[PDB]
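What follows is a short report on a single structure.
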Number of protein chains: 4
Amino acid sequence: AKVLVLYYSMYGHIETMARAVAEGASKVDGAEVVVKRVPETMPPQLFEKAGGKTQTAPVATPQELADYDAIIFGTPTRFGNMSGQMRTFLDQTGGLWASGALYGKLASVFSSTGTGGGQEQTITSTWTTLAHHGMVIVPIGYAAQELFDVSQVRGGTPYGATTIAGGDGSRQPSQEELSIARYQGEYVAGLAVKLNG
Amino acid sequence: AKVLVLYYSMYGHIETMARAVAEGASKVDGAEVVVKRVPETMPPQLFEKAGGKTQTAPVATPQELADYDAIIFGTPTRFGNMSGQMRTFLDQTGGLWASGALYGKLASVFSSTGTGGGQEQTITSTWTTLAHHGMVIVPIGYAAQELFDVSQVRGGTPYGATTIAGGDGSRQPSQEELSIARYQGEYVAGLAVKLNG
Amino acid sequence: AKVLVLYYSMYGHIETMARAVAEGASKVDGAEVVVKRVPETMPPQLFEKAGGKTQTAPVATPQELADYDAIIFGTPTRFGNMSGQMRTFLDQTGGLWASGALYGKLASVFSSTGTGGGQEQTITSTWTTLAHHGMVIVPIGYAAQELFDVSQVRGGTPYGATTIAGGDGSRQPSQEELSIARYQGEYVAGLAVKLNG
Amino acid sequence: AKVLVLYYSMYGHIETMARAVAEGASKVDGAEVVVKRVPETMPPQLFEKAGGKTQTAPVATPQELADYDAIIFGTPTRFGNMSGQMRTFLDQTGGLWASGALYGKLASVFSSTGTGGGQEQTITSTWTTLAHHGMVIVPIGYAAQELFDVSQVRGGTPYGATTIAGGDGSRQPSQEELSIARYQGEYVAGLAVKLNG
Ligand SMILES: Cc1cc2nc3c(=O)[nH]c(=O)nc-3n(C[C@H](O)[C@H](O)[C@H](O)COP(=O)(O)O)c2cc1C
Ligand SMILES: Cc1cc2nc3c(=O)[nH]c(=O)nc-3n(C[C@H](O)[C@H](O)[C@H](O)COP(=O)(O)O)c2cc1C
Ligand SMILES: Cc1cc2nc3c(=O)[nH]c(=O)nc-3n(C[C@H](O)[C@H](O)[C@H](O)COP(=O)(O)O)c2cc1C
Ligand SMILES: Cc1cc2nc3c(=O)[nH]c(=O)nc-3n(C[C@H](O)[C@H](O)[C@H](O)COP(=O)(O)O)c2cc1C
């Protein structure tokens, strides 16, 4: 019933993917969805310099995560891991861990690169952290038919939606990438409501 | 409701574990639980010359997997991957993958090693394959309190149950190892019924 | 000084990538390079049916691997792992392992998908096995400039060269993919000769 | 010739390990070995209120890494990843990455956990980031005979040395753990000189 899209984005790609994930989840009758971001970690001046890019979404507290039946995580990659900011966040979830606050909750993840390299490693290495919390890990497999389209460069994997930002940052999530993101949101919100309800 | 425990074992360590997993699964009302092994790959002469171990469990067909709501997979490690016989078996699931036969079904893995090294990577890189079928991956987290006991050597991870066989093979699964295994069976069977049901 | 390109290919993509890897290695003055394949695992009739595709390269024995200063491994993916055939092969390397035959030798890997999904997981999960043998693992990082080209669909990652076969198998390794493959071969053969010499 | 031991430690477990790694590295003639820590990320008030542990080691700058031939990285796990402070630090290596400053340099990782769970994944997902800089990743395999001893609880994997801290933090690195650590330092220092030299 309650789905949190929790994300970090520096230049807006993950933010755009997050809104798409939220759209899809919102299609599920019975699903309350909220979008939030993790605290920034680099100093604000440097940030801004930098820089990229102010966000509407409120910053989440670690404690809030207990209020949700499913959490969908988005990070850009940093050399094939989650971003330091998302890492710093998850590192504050000890209290939650000790009480088993997130145990058995649905977790899914989406990311952004690149150039594309690391997009898989970023997701799967995020899953690891989620597993330590005993979260139920939900990949998207091959239901989104766009994953078979190799006629255009295209993010997205069976592990979760992804987007390709361009080495430059100038690319925007394509319709096909967004379509997969939307599918991710709808699927996990559906499974959440099936659970949940 | 239908939970399959599908395993490979050469010397019976995983076999003992599978039984424990099935034991746990059977504590759940409404869970039909069945235990099957994958085909041995080495010619019967070499197996006997190195062995045993002869197994009671029926051998599974790839097609069968479609008939279950949840599948719990066990393998000894081979240098930090699933065994070649588990790999060979899963390589036969192309038909299933193409029709979406395992999509959304619950999956969980347990393994056995050495010595211990590679026990995590075995579970984690098995998850990868399950994610390609779009299976919902279920880790065990730290519900099983035995995971905190560092006073004796002990298999078991938040990713799934493990056992430590010894360089010899001479170790047997300890009470704590089997306790975690039972837990893994009990939990995914419960989820399976909650899904499913 | 001695570089083995060890591969499995069913429909020729990895075979084509392997020859490219070999080309690149062959550019290194002082580098003896040989190309071999691992035994087929599926029955020959079925194979052929199937089927795809007869190879010039001789099939390697596990023992031979000790004769080399560097081994470059190629597999197609099977749901984000190495192929069962490559797995079966590596599973025969126990004797080598026990003597430390491959300890400290250079290892690198390249793969084929898809559609693209699993290309990273396939490489990194192969690295695991190589690490159990204490092989020195060599990724290619971002030296091959083609990795920045997002204007055409393109395999290859910092983990190792890859190729995209098309869901169909109809794609052929593109010039850019081959160029990265060639770079992989030249780089690890270079490092081999630096070692070696 | 120049080997950097670069680590994060909150309670000193990794710190003790780093010293052991440096100890091992120093047995190699021609190896200049230096030990540095990454910046603490939590404000000094919270650190003190939870701590210590105050560290003798100089704090490293991202830029410095360019000055070394080999870098050995240590981190406590955070739910199966590198720590957020190690992540934050490596996220500052963009300049290095862009100029190819760490390309081809030797890399190796060691960690610390719990409890044990996530010790492999921590090393393995650190490798991912190193591979993006095109570092030559060096696992330890099974040269260190202590890796066979399952008669006492014991950190250490073929991917790199580990120590088990206890749920308490109250465990100290055991003689065998440190022995593996020393080995890891000794081996990568030797390779570094062989490269380098
Ligand atoms: C230091 C750091 C490391 C990065 N490493 C990679 C990586 O090696 N592979 C890649 O494709 N992109 C890499 N990038 C790019 C980011 O993943 C990319 O800019 C991000 O997807 C942008 O998404 P956002 O707008 O949501 O912040 C890196 C960026 C930074 C700042
Ligand atoms: C080819 C092969 C590779 C192996 N690699 C490892 C490994 O690197 N790490 C480890 O701890 N044990 C390793 N082992 C030990 C097996 O994982 C062990 O015998 C198995 O867990 C026993 O399970 P079973 O009795 O159910 O067959 C290996 C064994 C074989 C034959
Ligand atoms: C059963 C099996 C599983 C496969 N799984 C995947 C995977 O899910 N992702 C993907 O992109 N391709 C997958 N494929 C495609 C193979 O990786 C692909 O056909 C191979 O790269 C062809 O290379 P080759 O000509 O060297 O054999 C799979 C193929 C088989 C037969
Ligand atoms: C936020 C956080 C997450 C942690 N996650 C794990 C983990 O899941 N598994 C584990 O065994 N220990 C975990 N621990 C324990 C730390 O890894 C342990 O305290 C560390 O290894 C001690 O090393 P140090 O003394 O060098 O700081 C965690 C600790 C913190 C604070």
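Scheme for the structure tokens: letters A, B, ... for chains in order shown; per-chain residue numbers from 1; ligand numbers from 1 in order shown.
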
Per DSSP on the backbone, what are the helix (DSSP H, G or I) residues of chain B, as a PyMOL selection string? chain B and resi 13-25+44-50+63-67+84-90+94-99+119-132+145-148+175-196

At most 7 Å from ligand 3 (only C-alpha atoms and all ligand atoms): residue list as a ChimeraX atom specification: /B:91-94,132 /C:8-15,75-80,112-118,164-165,167,169

Could those selected residues go to a file with N, CA, C and O atoms, as a short mmCIF file (atom, residue, chain, number, x, y, z; two decimals), in the first residue's frame?
data_model
loop_
_atom_site.label_atom_id
_atom_site.label_comp_id
_atom_site.auth_asym_id
_atom_site.auth_seq_id
_atom_site.Cartn_x
_atom_site.Cartn_y
_atom_site.Cartn_z
N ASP B 91 20.95 -23.61 -17.49
CA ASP B 91 21.10 -23.36 -18.93
C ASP B 91 20.01 -24.03 -19.80
O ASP B 91 19.86 -23.71 -20.99
N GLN B 92 19.24 -24.95 -19.21
CA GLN B 92 18.17 -25.63 -19.94
C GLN B 92 16.83 -24.91 -19.77
O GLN B 92 15.80 -25.40 -20.25
N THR B 93 16.82 -23.78 -19.05
CA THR B 93 15.56 -23.08 -18.75
C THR B 93 15.19 -21.98 -19.74
O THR B 93 14.36 -21.10 -19.43
N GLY B 94 15.80 -22.02 -20.92
CA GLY B 94 15.48 -21.10 -22.01
C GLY B 94 14.00 -21.06 -22.38
O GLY B 94 13.43 -19.97 -22.51
N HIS B 132 17.18 -12.90 -14.05
CA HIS B 132 16.92 -12.88 -15.50
C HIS B 132 15.56 -13.49 -15.84
O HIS B 132 14.95 -13.10 -16.84
N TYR C 8 34.57 -20.17 -25.07
CA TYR C 8 33.47 -20.99 -25.52
C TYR C 8 32.60 -20.14 -26.41
O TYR C 8 32.30 -19.01 -26.09
N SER C 9 32.18 -20.71 -27.53
CA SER C 9 31.27 -20.04 -28.41
C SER C 9 30.36 -21.07 -29.03
O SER C 9 30.81 -22.15 -29.44
N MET C 10 29.08 -20.75 -29.11
CA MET C 10 28.14 -21.69 -29.69
C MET C 10 27.79 -21.30 -31.11
O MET C 10 27.64 -22.18 -31.96
N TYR C 11 27.64 -19.99 -31.36
CA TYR C 11 27.21 -19.48 -32.67
C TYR C 11 28.22 -18.53 -33.31
O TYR C 11 27.89 -17.86 -34.29
N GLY C 12 29.42 -18.44 -32.73
CA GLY C 12 30.56 -17.76 -33.34
C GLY C 12 30.93 -16.37 -32.88
O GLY C 12 32.00 -15.84 -33.26
N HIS C 13 30.08 -15.74 -32.07
CA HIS C 13 30.36 -14.37 -31.63
C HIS C 13 31.62 -14.32 -30.75
O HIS C 13 32.60 -13.62 -31.08
N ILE C 14 31.60 -15.09 -29.65
CA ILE C 14 32.80 -15.21 -28.83
C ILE C 14 34.01 -15.68 -29.66
O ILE C 14 35.13 -15.18 -29.47
N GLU C 15 33.79 -16.60 -30.59
CA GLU C 15 34.88 -17.05 -31.45
C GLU C 15 35.47 -15.86 -32.22
O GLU C 15 36.70 -15.67 -32.26
N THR C 75 33.38 -16.18 -22.65
CA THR C 75 32.14 -16.97 -22.65
C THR C 75 31.06 -16.08 -23.17
O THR C 75 31.12 -14.86 -22.97
N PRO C 76 30.01 -16.69 -23.75
CA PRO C 76 28.76 -15.99 -23.83
C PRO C 76 28.11 -16.05 -22.46
O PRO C 76 28.53 -16.85 -21.61
N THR C 77 27.11 -15.22 -22.21
CA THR C 77 26.43 -15.29 -20.93
C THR C 77 25.33 -16.35 -20.95
O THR C 77 24.79 -16.67 -22.01
N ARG C 78 25.03 -16.90 -19.78
CA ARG C 78 23.82 -17.68 -19.57
C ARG C 78 23.15 -17.08 -18.35
O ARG C 78 23.54 -17.37 -17.21
N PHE C 79 22.18 -16.21 -18.60
CA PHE C 79 21.51 -15.50 -17.55
C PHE C 79 22.48 -14.82 -16.61
O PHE C 79 22.29 -14.88 -15.40
N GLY C 80 23.51 -14.17 -17.13
CA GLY C 80 24.37 -13.33 -16.30
C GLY C 80 25.49 -14.07 -15.58
O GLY C 80 26.14 -13.51 -14.70
N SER C 112 29.73 -12.18 -24.25
CA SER C 112 28.76 -11.90 -25.26
C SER C 112 27.36 -12.09 -24.72
O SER C 112 27.11 -13.02 -23.97
N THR C 113 26.44 -11.20 -25.09
CA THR C 113 25.01 -11.35 -24.75
C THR C 113 24.25 -11.21 -26.06
O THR C 113 24.85 -10.71 -27.00
N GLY C 114 22.94 -11.39 -26.14
CA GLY C 114 21.95 -10.51 -25.52
C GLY C 114 21.55 -9.79 -26.79
O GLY C 114 21.62 -10.42 -27.84
N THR C 115 21.15 -8.52 -26.82
CA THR C 115 20.54 -7.64 -25.80
C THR C 115 21.29 -6.95 -24.69
O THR C 115 20.81 -5.93 -24.21
N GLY C 116 22.47 -7.43 -24.33
CA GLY C 116 23.33 -6.66 -23.43
C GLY C 116 23.27 -6.93 -21.93
O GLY C 116 24.28 -6.79 -21.23
N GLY C 117 22.10 -7.32 -21.43
CA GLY C 117 21.91 -7.62 -20.01
C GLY C 117 22.68 -8.84 -19.52
O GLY C 117 22.61 -9.93 -20.10
N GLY C 118 23.42 -8.63 -18.43
CA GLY C 118 24.26 -9.65 -17.85
C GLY C 118 25.71 -9.53 -18.29
O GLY C 118 26.56 -10.27 -17.81
N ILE C 164 27.41 -7.55 -28.53
CA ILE C 164 25.95 -7.71 -28.51
C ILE C 164 25.48 -8.56 -29.71
O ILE C 164 25.60 -8.15 -30.85
N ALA C 165 24.95 -9.74 -29.44
CA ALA C 165 24.64 -10.67 -30.52
C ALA C 165 23.28 -10.40 -31.18
O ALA C 165 23.04 -10.89 -32.29
N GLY C 167 18.97 -10.38 -29.96
CA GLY C 167 18.13 -11.44 -29.37
C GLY C 167 18.03 -12.68 -30.24
O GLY C 167 17.68 -13.78 -29.81
N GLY C 169 20.72 -13.47 -32.61
CA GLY C 169 22.03 -14.01 -32.96
C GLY C 169 22.59 -13.46 -34.27
O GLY C 169 23.72 -13.79 -34.67
#

Within 6 Å of segment 30-45 of chain A using only C-alpha atoms, minus same-chain residues under 2 positions, as a count of residues only: 16

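Between atom CA of residue 154 of chain B and atom CA of residue 98 of chain C there is a distance of 24.4 Å.
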
Contacts from chain A to chain C, 8 Å maximum, only C-alpha atoms: show me the residue list as a list in words. residues 115, 117, 118, 120, 121, 147, 148, 149, 150, 151, 152, 153, 154, 157, 158, 166 and 167 of chain A

Expected file: the selected residues, C-alpha atoms, as an mmCIF file, in the first residue's frame:
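Listed below is the output, part11.cif:
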data_model
loop_
_atom_site.group_PDB
_atom_site.id
_atom_site.type_symbol
_atom_site.label_atom_id
_atom_site.label_comp_id
_atom_site.auth_asym_id
_atom_site.auth_seq_id
_atom_site.Cartn_x
_atom_site.Cartn_y
_atom_site.Cartn_z
ATOM 1 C CA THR A 115 28.294 5.676 -21.018
ATOM 2 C CA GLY A 117 29.488 0.882 -17.690
ATOM 3 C CA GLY A 118 28.743 -0.089 -14.115
ATOM 4 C CA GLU A 120 24.589 -3.594 -13.553
ATOM 5 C CA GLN A 121 27.158 -3.646 -10.760
ATOM 6 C CA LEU A 147 14.787 -4.482 -23.153
ATOM 7 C CA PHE A 148 14.915 -6.388 -26.491
ATOM 8 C CA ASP A 149 15.282 -3.221 -28.565
ATOM 9 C CA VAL A 150 18.943 -3.019 -29.668
ATOM 10 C CA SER A 151 18.248 -0.560 -32.534
ATOM 11 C CA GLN A 152 18.852 2.504 -30.328
ATOM 12 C CA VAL A 153 21.219 2.951 -27.364
ATOM 13 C CA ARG A 154 19.066 2.234 -24.384
ATOM 14 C CA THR A 157 18.421 -4.204 -17.468
ATOM 15 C CA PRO A 158 16.612 -7.145 -15.923
ATOM 16 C CA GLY A 166 26.135 10.609 -21.880
ATOM 17 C CA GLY A 167 29.771 11.215 -20.790
#

Hand me chain C as it sits after a least-squares fit onto chain D over every Cα, paired in order, written as a compact mmCIF listing (two decimals) with C-alpha atoms, in the first residue's frame.
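Contents of out_27.txt, as written:
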# COMPACT_ATOMS: atom_id res chain seq x y z
CA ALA C 1 58.47 0.34 -5.52
CA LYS C 2 55.87 2.57 -3.79
CA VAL C 3 53.00 0.96 -1.87
CA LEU C 4 50.22 2.90 -0.15
CA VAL C 5 48.08 1.21 2.46
CA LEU C 6 44.92 3.36 2.36
CA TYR C 7 42.32 2.59 4.98
CA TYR C 8 39.31 3.59 7.00
CA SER C 9 38.84 2.40 10.54
CA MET C 10 36.45 3.59 13.18
CA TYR C 11 37.33 1.35 16.15
CA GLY C 12 40.83 0.18 15.14
CA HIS C 13 40.37 -3.24 13.57
CA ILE C 14 41.10 -2.13 9.99
CA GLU C 15 43.85 0.09 11.46
CA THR C 16 45.43 -2.99 13.05
CA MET C 17 45.02 -4.97 9.81
CA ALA C 18 46.54 -2.05 7.91
CA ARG C 19 49.71 -2.05 10.05
CA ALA C 20 49.95 -5.79 9.44
CA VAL C 21 49.53 -5.30 5.65
CA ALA C 22 52.30 -2.66 5.96
CA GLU C 23 54.63 -5.02 7.86
CA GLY C 24 54.35 -7.62 5.11
CA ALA C 25 54.95 -5.10 2.36
CA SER C 26 57.94 -3.75 4.28
CA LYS C 27 59.59 -7.20 4.01
CA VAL C 28 60.10 -6.61 0.28
CA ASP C 29 63.54 -5.24 -0.54
CA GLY C 30 62.84 -2.24 -2.85
CA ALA C 31 59.38 -1.40 -1.48
CA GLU C 32 58.71 2.06 -0.01
CA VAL C 33 55.49 1.72 2.06
CA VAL C 34 53.25 4.42 3.54
CA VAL C 35 50.07 4.11 5.61
CA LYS C 36 47.31 6.66 5.42
CA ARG C 37 43.61 6.95 6.19
CA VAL C 38 40.70 8.56 4.32
CA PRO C 39 38.91 11.60 5.80
CA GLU C 40 36.25 10.98 8.43
CA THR C 41 32.77 11.77 7.23
CA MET C 42 30.64 11.80 10.39
CA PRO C 43 30.81 15.05 12.43
CA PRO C 44 33.72 15.08 14.95
CA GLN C 45 31.52 15.36 18.07
CA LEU C 46 29.78 12.28 16.97
CA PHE C 47 32.79 10.51 16.19
CA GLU C 48 34.02 10.73 19.57
CA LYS C 49 30.65 9.84 21.18
CA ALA C 50 30.30 6.96 19.33
CA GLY C 51 33.33 6.31 19.52
CA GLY C 52 36.04 4.88 18.87
CA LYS C 53 38.94 6.02 18.11
CA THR C 54 41.92 8.30 17.33
CA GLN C 55 44.55 7.42 14.69
CA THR C 56 48.26 8.14 14.18
CA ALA C 57 48.08 7.88 10.37
CA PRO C 58 47.72 11.14 8.39
CA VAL C 59 44.65 11.66 6.21
CA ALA C 60 45.33 11.24 2.53
CA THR C 61 44.35 13.54 -0.32
CA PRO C 62 42.81 11.99 -3.45
CA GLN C 63 45.66 13.48 -5.55
CA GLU C 64 48.35 11.57 -3.62
CA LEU C 65 47.19 8.22 -4.97
CA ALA C 66 48.94 8.92 -8.28
CA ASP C 67 52.31 8.79 -6.51
CA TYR C 68 52.04 5.05 -5.84
CA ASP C 69 52.67 1.88 -7.84
CA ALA C 70 50.23 -0.12 -5.69
CA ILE C 71 47.34 0.81 -3.39
CA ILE C 72 46.01 -1.61 -0.80
CA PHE C 73 42.52 -0.54 0.41
CA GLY C 74 41.00 -1.42 3.77
CA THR C 75 37.43 -0.67 4.89
CA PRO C 76 35.15 -2.12 7.45
CA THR C 77 31.88 -3.25 5.90
CA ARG C 78 28.62 -1.33 5.99
CA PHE C 79 25.99 -3.89 5.16
CA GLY C 80 28.25 -5.64 2.65
CA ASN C 81 29.61 -2.55 0.90
CA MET C 82 32.64 -0.39 1.65
CA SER C 83 32.10 2.26 4.30
CA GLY C 84 30.55 5.55 3.35
CA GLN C 85 33.79 7.26 4.26
CA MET C 86 35.83 5.13 1.88
CA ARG C 87 33.07 5.64 -0.70
CA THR C 88 33.13 9.41 -0.26
CA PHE C 89 36.86 9.30 -0.74
CA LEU C 90 36.75 7.28 -3.94
CA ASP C 91 34.05 9.64 -5.18
CA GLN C 92 36.67 12.46 -5.22
CA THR C 93 38.90 10.52 -7.67
CA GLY C 94 37.28 11.96 -10.82
CA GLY C 95 40.26 14.16 -11.69
CA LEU C 96 42.50 11.11 -11.35
CA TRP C 97 40.13 9.07 -13.46
CA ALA C 98 39.99 11.70 -16.23
CA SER C 99 43.77 11.78 -16.55
CA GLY C 100 44.12 8.00 -16.13
CA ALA C 101 46.31 8.64 -13.06
CA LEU C 102 45.67 5.22 -11.55
CA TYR C 103 45.52 3.24 -14.80
CA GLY C 104 47.36 -0.09 -14.61
CA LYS C 105 48.32 0.28 -10.95
CA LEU C 106 48.11 -2.66 -8.60
CA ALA C 107 45.11 -2.62 -6.30
CA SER C 108 44.19 -5.05 -3.54
CA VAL C 109 41.68 -4.91 -0.70
CA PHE C 110 41.04 -6.10 2.84
CA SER C 111 38.05 -5.65 5.17
CA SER C 112 36.42 -6.11 8.53
CA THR C 113 32.98 -7.24 9.77
CA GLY C 114 30.77 -8.52 11.82
CA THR C 115 30.10 -11.56 12.59
CA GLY C 116 31.60 -12.18 9.16
CA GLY C 117 28.64 -11.54 6.81
CA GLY C 118 29.41 -9.25 3.91
CA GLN C 119 33.16 -9.73 4.13
CA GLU C 120 33.30 -11.10 0.55
CA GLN C 121 30.82 -8.68 -1.00
CA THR C 122 32.72 -5.79 0.52
CA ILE C 123 35.94 -6.72 -1.24
CA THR C 124 34.48 -7.64 -4.63
CA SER C 125 32.28 -4.55 -4.78
CA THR C 126 35.33 -2.43 -4.01
CA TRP C 127 37.09 -4.16 -6.94
CA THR C 128 34.40 -2.80 -9.23
CA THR C 129 35.39 0.80 -8.46
CA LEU C 130 39.03 -0.09 -8.91
CA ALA C 131 38.25 -1.58 -12.33
CA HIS C 132 36.67 1.67 -13.51
CA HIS C 133 40.09 3.23 -12.89
CA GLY C 134 41.72 0.36 -14.82
CA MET C 135 43.62 -0.76 -11.76
CA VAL C 136 45.13 -4.28 -11.87
CA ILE C 137 43.15 -6.24 -9.28
CA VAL C 138 45.11 -8.62 -7.06
CA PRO C 139 43.32 -11.22 -4.94
CA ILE C 140 45.37 -13.46 -2.68
CA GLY C 141 44.03 -16.88 -3.69
CA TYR C 142 44.98 -19.71 -1.33
CA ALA C 143 48.73 -19.23 -0.73
CA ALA C 144 48.24 -18.26 2.92
CA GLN C 145 47.75 -21.72 4.50
CA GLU C 146 45.69 -20.29 7.37
CA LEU C 147 42.73 -20.08 4.97
CA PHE C 148 42.36 -23.89 5.36
CA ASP C 149 42.17 -23.72 9.16
CA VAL C 150 38.51 -24.25 10.13
CA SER C 151 39.30 -25.21 13.76
CA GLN C 152 39.00 -21.60 15.00
CA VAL C 153 36.76 -18.77 13.74
CA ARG C 154 38.94 -16.91 11.33
CA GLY C 155 38.58 -14.02 8.88
CA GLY C 156 40.41 -13.90 5.53
CA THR C 157 39.29 -15.05 2.05
CA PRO C 158 40.91 -15.62 -1.32
CA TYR C 159 39.69 -12.09 -2.23
CA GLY C 160 41.78 -10.44 0.48
CA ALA C 161 42.49 -10.56 4.20
CA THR C 162 39.61 -9.88 6.58
CA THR C 163 39.10 -9.74 10.34
CA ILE C 164 36.07 -10.58 12.52
CA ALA C 165 35.40 -7.81 15.03
CA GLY C 166 32.60 -9.56 17.00
CA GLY C 167 29.05 -8.07 17.02
CA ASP C 168 30.43 -6.14 19.93
CA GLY C 169 33.74 -4.83 18.54
CA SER C 170 35.61 -6.61 21.35
CA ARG C 171 37.52 -9.13 19.18
CA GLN C 172 41.04 -8.26 18.09
CA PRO C 173 42.65 -9.49 14.90
CA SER C 174 43.93 -12.98 15.69
CA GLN C 175 47.47 -14.12 14.85
CA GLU C 176 46.13 -16.12 11.88
CA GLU C 177 44.18 -13.16 10.51
CA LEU C 178 47.24 -10.95 10.86
CA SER C 179 49.40 -13.58 9.19
CA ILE C 180 47.10 -13.48 6.15
CA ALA C 181 47.13 -9.68 6.20
CA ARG C 182 50.93 -9.74 6.29
CA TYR C 183 50.92 -12.16 3.35
CA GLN C 184 48.66 -9.78 1.35
CA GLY C 185 51.11 -6.91 1.90
CA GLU C 186 54.17 -8.93 1.01
CA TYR C 187 52.63 -10.43 -2.09
CA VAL C 188 51.37 -7.20 -3.66
CA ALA C 189 54.56 -5.29 -2.72
CA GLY C 190 56.52 -8.13 -4.35
CA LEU C 191 54.43 -7.88 -7.50
CA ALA C 192 54.84 -4.10 -7.36
CA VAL C 193 58.63 -4.40 -7.25
CA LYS C 194 58.61 -7.02 -10.00
CA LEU C 195 56.74 -4.46 -12.09
CA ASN C 196 58.27 -1.40 -11.22
CA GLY C 197 60.88 -2.04 -9.76

Running DSSP on the backbone, which parts of segment 62-179 of chain C land in strand (DSSP E or B), as number ranges by chain? C: 70-76, 78, 81, 106-113, 136-137, 157, 160, 162-164
